[PDB]
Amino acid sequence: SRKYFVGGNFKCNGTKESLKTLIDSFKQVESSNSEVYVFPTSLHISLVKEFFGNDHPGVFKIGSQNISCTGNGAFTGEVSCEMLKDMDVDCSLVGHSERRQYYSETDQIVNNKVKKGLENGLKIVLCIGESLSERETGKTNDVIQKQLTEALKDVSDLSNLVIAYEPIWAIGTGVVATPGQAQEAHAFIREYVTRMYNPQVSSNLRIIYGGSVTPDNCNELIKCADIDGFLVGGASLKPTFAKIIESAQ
């Protein structure tokens, strides 16, 4: 059976003081049957590693929120896979909705980043999802197919991939996603991955839910047959992120 994956995307948040307090809480988490990652900002990755230190259970690992399309060189403002590996970071998000929406990350850029990450041995959390206009006009499945076809173009091996479904339509719009709707989207993603690859590959692929996750709804969502964990937003900046990890046990 698939090992569950619980990620905490800090986004553009954190201070030295707030992260010190938060990581002190996370060090109290004694064990997990799931993979557990937190994704601080690039500015905070080394600090967060220092805060964890060695006096912890080895439940939490650290990931990046983004990776450069290129390796080292004349890429002002960018951070490369090789730099991350030097820092002992073995995972990154790619194609988060916010980067697609705000920073001109196209499907083709996302493909480039997935390939770059996987080639450098990183675990890549590929983010996909449709907007409210797309959902309301019946294009959910068209969008998921396009995003997968393009993001995974010439990507042969999914062993180090995880897919996060972001119900963009249900984030900040006043519209709310039910667990049933989440499950339906995850089942469809898995079904398309079967077509693009095969049933063995799709059966092994973790598909994590990247909508609104809190301590109040995580236990219901994780039971859904095609939901294999979470990519958590704001709830990952609170000690009760531990309750979300516990739901995945």
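A residue's number is simply how far along the shown sequence it sits, counting from 1.
- 46-54 and 185-193 differ in mean CA B-factor, and the higher of the two is recorded for 46-54.
- In this entry, 130-138 shows the higher mean Cα temperature factor of the pair 130-138 and 166-174.
- Note on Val114, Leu158, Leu84, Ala74: the highest value goes to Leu84, judged by CA B factor as recorded.
- You'll see in the entry that, of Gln65, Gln200, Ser68, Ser32, the Cα B factor peaks at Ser32.
- In this PDB entry, the Cα temperature factor of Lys27 sits in the top third of its chain's modelled residues, the highest group.
- Ranked within its chain, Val59 lands in the highest third, by CA B factor from the PDB record.
- Ranked against the other modelled residues of its chain, the C-alpha B-factor of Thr149 as given in the entry falls in the middle third.
- Ranked within its chain, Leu19 lands in the highest third, by CA B factor from the PDB record.
- Sorting the modelled residues of the chain by their CA temperature factor places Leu231 in the lowest third.
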